[PDB]
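Student: sequence and experimental coordinates follow.
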Amino acid sequence: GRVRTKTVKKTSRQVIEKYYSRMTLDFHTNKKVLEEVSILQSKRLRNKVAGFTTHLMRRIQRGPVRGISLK
Amino acid sequence: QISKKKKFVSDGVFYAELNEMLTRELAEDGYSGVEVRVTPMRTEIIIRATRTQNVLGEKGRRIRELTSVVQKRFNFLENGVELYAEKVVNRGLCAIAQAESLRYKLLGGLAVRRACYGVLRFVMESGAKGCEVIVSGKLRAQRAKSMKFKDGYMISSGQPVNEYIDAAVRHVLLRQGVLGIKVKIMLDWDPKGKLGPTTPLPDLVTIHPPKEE
Amino acid sequence: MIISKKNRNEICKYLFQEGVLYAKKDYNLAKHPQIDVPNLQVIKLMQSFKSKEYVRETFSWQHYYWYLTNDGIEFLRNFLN
Amino acid sequence: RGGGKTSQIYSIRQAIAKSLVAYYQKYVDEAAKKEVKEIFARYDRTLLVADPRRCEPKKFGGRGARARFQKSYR
Amino acid sequence: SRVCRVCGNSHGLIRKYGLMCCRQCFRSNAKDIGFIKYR
Amino acid sequence: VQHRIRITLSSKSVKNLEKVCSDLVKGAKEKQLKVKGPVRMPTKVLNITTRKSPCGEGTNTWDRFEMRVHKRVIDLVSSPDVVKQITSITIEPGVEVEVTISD
Amino acid sequence: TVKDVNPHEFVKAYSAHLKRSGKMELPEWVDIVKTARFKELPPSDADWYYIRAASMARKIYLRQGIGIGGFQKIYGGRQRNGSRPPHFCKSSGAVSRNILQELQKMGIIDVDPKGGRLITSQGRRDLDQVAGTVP
RNA sequence: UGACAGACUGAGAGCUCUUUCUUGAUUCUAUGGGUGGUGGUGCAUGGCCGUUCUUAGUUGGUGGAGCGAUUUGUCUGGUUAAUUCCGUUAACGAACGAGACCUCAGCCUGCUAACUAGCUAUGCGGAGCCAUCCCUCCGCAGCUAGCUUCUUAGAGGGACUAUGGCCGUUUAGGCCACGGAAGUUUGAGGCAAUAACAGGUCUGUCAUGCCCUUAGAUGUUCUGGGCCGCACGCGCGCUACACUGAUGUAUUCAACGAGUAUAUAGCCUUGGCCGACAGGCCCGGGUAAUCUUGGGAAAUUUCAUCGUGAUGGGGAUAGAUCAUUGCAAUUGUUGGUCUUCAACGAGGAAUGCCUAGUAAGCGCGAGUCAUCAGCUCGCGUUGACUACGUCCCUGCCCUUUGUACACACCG
Ligand SMILES: [Mg+2]
Ligand SMILES: [Mg+2]
Ligand SMILES: [Mg+2]
Ligand SMILES: [Mg+2]
Ligand SMILES: [Mg+2]
Ligand SMILES: [Mg+2]
Ligand SMILES: [Mg+2]
Ligand SMILES: [Mg+2]
Ligand SMILES: [Mg+2]
Ligand SMILES: [Mg+2]
Ligand SMILES: [Mg+2]
Ligand SMILES: [Mg+2]
Ligand SMILES: [Mg+2]
Ligand SMILES: [Mg+2]
Ligand SMILES: [Mg+2]
Ligand SMILES: [Mg+2]
Ligand SMILES: [Mg+2]
Ligand SMILES: [Mg+2]
Ligand SMILES: [Zn+2]
């Protein structure tokens, strides 16, 4: 039931693009980093987006990845 | 002495009787709403319209009429309450003004579809994220039918409906029936606050550009 | 409606002094606020002024708001002034 | 204060159990309460942590949280 | 001998808190008075 | 010289009322007054349930209207003019002030 | 004292105490009354009047400021109305008022300022002395 | 225009009449026009509401295909609660719905506090007692607090499937496990698309077209009666058919809400006294976290009595009387007291609701309200059995397929 929707998925890819090196594997630091690169309207949605940037960055740190274009 | 429950209801009912009284008269004036403020030693009734010279009458004759009968009716100390007439900063963003404009066109004898598209493009040209207009009644034929004119964006569910949609319903008494008018106008995110709301849509995001140093 | 000249005269005194007036739908209350009348004479002579368009009547959802109009001030001027 | 009869007995249970370890944490030893806690926890987990369970609100169309008025077709 | 302050209807009337509205005219004016339907 | 003056605040609005509440507190804290507040009072919740239909037909469906009412209290050890010298800032729309002289 | 002893077994002791603590007056309506509107039969026990006293001599001991309109509630209970649903029912005040009257005359309780009925200085003694006389 | 007595009439309605006063151009008479109508038509309408339909569905622009209706987009597949995603791809890029959102509940010995909330300490005061002090329970006040654990209400914090494991196009996601207040979107609700229905509502609305009537009224007002009537069939329910109980003691634990000058105390009503109950008289408190009320709720828990008996289960029916509400109690408003003691022995064919503080049990508050709650909307209290599935019955969504159906298989 926790399938991440388009907004969480799309923002998560897009937010990595603009700030890749600035991110990490920590969910809470990623939550805080995500706090000061955007303006959002709910903390539940923030954790969802930061949740889809944390492990996504393992699969990025592990191998290649789709539309997101890392310099 | 009166308690808090009876107090808050008393203020609320006063607003409704006032606002539903400011529609009987300022119908063909572009009345859009009323701000009932209560200052020390004075209580404000900030009427606001899209045609201010009409509500004032000549040299403030009509406003004299209005303040005094409000004075008398709702038992205020004389010289207590006042009425004021502001102008609406935008006309297209207020469905009350647009519904009444559309009503007066249909009453006068403008063709129905000429009126609805005229309203629709005005509201959009006024800066709205979207507009929606519904007319329902007997047009040219005894069986009733409903026409819907839509433009731009429009939401219908969730909490943000309350803080982004300005909607009005007005009856029209065209001969041989009643055509009801629904004007649903969608506002745009305006941080200044004067035209549109201040918070954005709940699922709108802005990823700030990554400045380089 | 049979209003006395006395009862008639007290209606329109208030009209000049203030300009506005307000009754309710409440029939035969026997004491109008702000004046002395059983509320039927006021209501049904406002209708006489409204029929002859000396008052502008916003029926105000059965709550009877009235504003005296220039057409009738001149005519009501020639009765008690 | 509050609750019923049974709920209070389950309450005093935690009050007694928790109050001991808080006293032990603050005044005896921090590792002399690790023994105490695992006595309480290996028996029942609800002598330290409450039940979040509460009275689900009533909704209309019936006189219960889930129960609905009996339905008749003819 | 108690009717709606809005329409003068004798049925479905709400004296609670001293509104004296019928159950329908109230619903028509509910948000204006300030009764928010939070739930 | 130094009295017991109580300011009572009620409103329908959480955010709006705490705008005024804190301003009064910071108003008088800039005067180093004895400001004992805010004492926060149980929120009253007026309620009406009405049938949604105008005709009593269909699945009987009910809407629960309600109103939150918030109750705030401030204590000032001050004078009847020091209370009014402070409480002259712009009172935000609708917020109810009813300062009285306590015992 | 009072709280270390069973609020039941103790009142048996204090019900045996107002028998043999000299004596007092006793209504010429005692043996007929049902003590409440909703009761079905009058109290079964013959020496119920002192048990009601002993049970209600601890009320003021363990509280303060109870009138008759509150003492009615303390002994009221459910009421079965036959066909219609059952409710709460408030018991009678003639019994409750008079128990107070007797213990007033005997120096266990007194009338209370600020309203109500308040325990005596020396009545507290015996309710604590006989309390000590319970296992 | 208004009236005396009597007739006439329930009527102290002057309604009409006897008679002769009284008001003074207000009116009355006819033509015409208005007005009112809980009168008709929801198959003339608006608005609102329900329902199709609680599911996941709907639609442009440009481009492609077809003479055209139409189609594609909107999908083979995996996944999801979801047209939600991964992807696919003659489509590309968008709009609604879904989600997000909003509200109460579940954690915060961290923050702002708080005598209209309240512990904690100390001063005294009462008692018990190895007793003099100490130990214990209690009541009253304060510059007692390096008071806010408990209560209120603001801020924000916290959960994101985050970490681990197996599964999987090793994608989206699935199952689990330590931790945690919390891992069905944590719980429950609010809002909620397109297209429709000849769905309901003209009896909510001086919302409303047309028609009917408009002074001997379908207008209004008053008296009285009816909506409640009883051979019978139906639906939601209350109380039971008892011992896992009835009664009578003793014992004592909530939460949500509520108190319109209510007139000379008055809505909620404490405390005193009278009274067997019912109910009175008295002093008062509160426009309320302040008084009612920290709402001393019931089931429950104890201790006896009953003993398989239509019994003391059960409480219909009815007789006598008393008290309260109201202008009025009759076709018993209701609450008492005594007496009367019915059917009912777990309910045939059928059939409803329901998956954890849930079902079921128990009581309380609010709406209506002068009085009446077997109702509805909320609240808390005790608190399970079962299942963790399927498409069998009843239905819903999508695809493929057949149709002689299109008011559409009730064809
Ligand atoms: Mg029962
Ligand atoms: Mg009629
Ligand atoms: Mg219809
Ligand atoms: Mg309709
Ligand atoms: Mg095309
Ligand atoms: Mg072509
Ligand atoms: Mg196309
Ligand atoms: Mg949900
Ligand atoms: Mg209607
Ligand atoms: Mg009926
Ligand atoms: Mg029902
Ligand atoms: Mg019995
Ligand atoms: Mg019992
Ligand atoms: Mg009731
Ligand atoms: Mg299932
Ligand atoms: Mg075939
Ligand atoms: Mg055919
Ligand atoms: Mg057939
Ligand atoms: Zn109404």
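Tutor: Yep, it's here. Numbers count the residues shown, from 1 in each chain, chains lettered A, B, ... in the order given. Ligands and ions are numbered 1, 2, ... in the order given.
Student: wait, a strand at residue B:184?
Tutor: Yes: the assignment for residue B:184 (DSSP: H, G, I helix; E, B strand; the rest coil) places it in a strand.
Student: which stretches of chain C form helices?
Tutor: Along chain C, counting by DSSP state H, helices occupy C:5-18, C:40-51, C:70-77.
Student: so which of these is nearest ligand 19?
Tutor: For the helices of chain C, the distance to ligand 19 is smallest for helix C:40-51, at 21.2 Å, taking C-beta to the ion. Any C-beta I mention is one placed from the backbone N, CA and C, and that applies to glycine too.
Student: CA atoms only for the closest one, dumped as PDB, please.
Tutor: Presented in PDB, the C-alpha positions along helix C:40-51 are these (Å, rounded to 0.1, in the frame of the first residue of the first chain):
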ATOM      1  CA  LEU C  40     -50.300  46.800  10.700                       C
ATOM      2  CA  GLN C  41     -51.000  50.500   9.900                       C
ATOM      3  CA  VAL C  42     -47.200  51.100   9.300                       C
ATOM      4  CA  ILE C  43     -46.900  48.000   7.200                       C
ATOM      5  CA  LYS C  44     -49.900  48.700   5.100                       C
ATOM      6  CA  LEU C  45     -49.200  52.400   4.600                       C
ATOM      7  CA  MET C  46     -45.700  51.700   3.600                       C
ATOM      8  CA  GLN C  47     -47.400  49.700   0.900                       C
ATOM      9  CA  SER C  48     -49.500  52.800   0.100                       C
ATOM     10  CA  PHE C  49     -46.300  54.800  -0.200                       C
ATOM     11  CA  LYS C  50     -44.700  51.900  -2.100                       C
ATOM     12  CA  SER C  51     -47.700  51.600  -4.400                       C
END
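Student: tell me which of the helices of chain C sits most buried.
Tutor: Most buried of the helices of chain C by mean neighbour count (mean count of other C-beta atoms under 10 Å in any protein chain shown) is helix C:40-51; its value is a mean of 17.
Student: run through who's touching that one.
Tutor: Here helix C:40-51 makes contact (C-beta atoms under 8 Å, 6 or more residues apart in numbering or on different chains) with C:1, C:3, C:7-8, C:11, C:21, C:23, C:27-28, C:32, C:35, C:55-57, C:64, C:66, C:68, C:72, C:76.
Student: can I get the helices of chain C in TSV with distance to residue D:67?
Tutor: Shown next, in TSV, are the helices of chain C (distance: least, C-beta to C-beta, whole Å):
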stretch	distance to residue D:67
helix C:5-18	62
helix C:40-51	55
helix C:70-77	67
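Student: what's the burial count for the residue in chain D that chain C sits nearest to?
Tutor: Among the residues of chain D, residue D:60 lies closest to chain C, at 31.8 Å counting by C-beta to the nearest C-beta. For residue D:60, the neighbour count with other C-beta atoms under 10 Å in any protein chain shown is 15.
Student: quick one: the helices in chain E?
Tutor: Using DSSP H, helices in chain E cover E:23-33.
Student: now do the strands in it.
Tutor: Applying DSSP state E to chain E gives strands spanning E:13-14, E:21-22.
Student: tell me which of those lies nearest to chain C.
Tutor: strand E:21-22 (13.0 Å).
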